[PDB]
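Taking it in order: structure first as structure tokens, then the write-up.
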Amino acid sequence: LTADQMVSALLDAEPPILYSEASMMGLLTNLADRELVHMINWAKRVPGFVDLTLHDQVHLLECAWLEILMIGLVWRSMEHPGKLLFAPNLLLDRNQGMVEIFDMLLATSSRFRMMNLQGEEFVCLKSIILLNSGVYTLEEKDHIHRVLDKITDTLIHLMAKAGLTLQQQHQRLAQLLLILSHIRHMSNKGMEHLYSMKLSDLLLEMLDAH
Amino acid sequence: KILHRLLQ
Ligand SMILES: O=C(Cc1ccccc1)Sc1cc(NCc2ccc(O)cc2)nc(Cl)n1
């Protein structure tokens with residue numbers, strides 16, 4: 001596949017923006033739960049995902065589902081500084097919270113804005129999370145890394161086409177990937193927070209994997 | 001369990 005077809009394929013597979021309706025938890029469960037149904041269909045449309053086994057697809061989504069949810073919330077909240085756009089009708093401030101995990105989402109949102117992250121780079125970073133979050137947990141592993149190398153080739157291509165020099169392409173690719181380490185830390189603390197809230201049948205299944 | 005039916 002191309003570097004251009006990779007972006008358009010990810011751009012076309014983007015999920016929609018859903019709407020919302022002790023009290024705060026209620027809106028977030030229904031939002032996450034309904035938001036994963038589209039994430040399952042989006043995952044199937046990521047190049048190379050359907051090539052994996054049914055068990056591999058399950059495991060990859062079991063450990064990356066909350067990471068993808070958070071990077072998506074950060075993306076649509078990137079242009080609402082100091083706020084988080086859970087939904088078009090659910091734009092919440094830093095005082096409407098939990099807050100520990102709230103501040104981390106805002107810092108990431110303010111960081112993407114600092115780097116002026118583009119949509120073409122967002123869909124790539126989101127696909128990397130889906131394929132990398134569970135790769136370290138034999139012939140199938142080489143294929144996942146083969147796709148990951150292709151997405152990396154796509155990120156660089158987007159940076160090179162943007163006028164960046166080689167030193168700046170490597171620096172931007174490093175800055176983007178280093179944020180995934182913080183996005184994973186946010187999901188780790190978010191899994192402990194939702195496990196300390198004891199929802200939805202599909203959710204609870206995701207809660208028992210961690 | 002459930003997750004399998006969604007990808008199925
Ligand atoms: O326990 C917490 C969160 C949680 C909610 C649902 C399932 C598992 C964990 S705290 C918390 C969760 C959260 N957003 C995550 C999120 C993003 C998009 C979306 O549509 C729904 C939720 N944000 C904050 Cl600031 N705080």
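Numbering starts fresh at 1 for the residues of each chain in the structure tokens, the chains themselves are lettered A, B, ... in the order given, and ligands are numbered from 1 as they appear.
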
Let me have all residues with an atom within 7 Å of ligand 1, counting only C-alpha atoms and all ligand atoms, laid out as a list in words. residues 28, 29, 31, 32, 35, 66, 69, 70, 73, 86, 98, 99, 101, 102, 105, 190, 191, 193 and 194 of chain A

I need the residues of chain B that end up classed as helix (DSSP H, G or I) by DSSP on the backbone, written out as a ChimeraX atom specification. /B:2-7

Compile the residues of chain A that lie within 9 Å of chain B, evaluated using only C-alpha atoms, and express the compilation as a PyMOL selection string. chain A and resi 37+40-41+44+54-55+57-58+61-62+201-202+205-206

When you look at stretch 145-156 of chain A with a cut-off of 8 Å (counting only C-alpha atoms), what residues show up, excluding the ones that are within fewer than 3 positions of it in the same chain? I need them as a PyMOL selection string. chain A and resi 3-4+6-7+47-48+121+124+128+131-132+141-142+159-160+169-170+173

Using DSSP on the backbone, list every residue of stretch 66-109 of chain A that comes out as strand (DSSP E or B), and give them as a PyMOL selection string. chain A and resi 83-87+90-93

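Computed from the coordinates, the atom CA of residue A:107 to atom CA of residue A:125 distance equals 17.1 Å.
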
Residues near residue A:96, cut-off 12 Å, only C-alpha atoms, skip fewer than 4 positions along chain, as an MDAnalysis selection string: chainID A and resid 23:25 82:84 90:92 102:103

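As for atom CA of residue A:42 and atom CA of residue A:13, they are spaced 5.6 Å apart.
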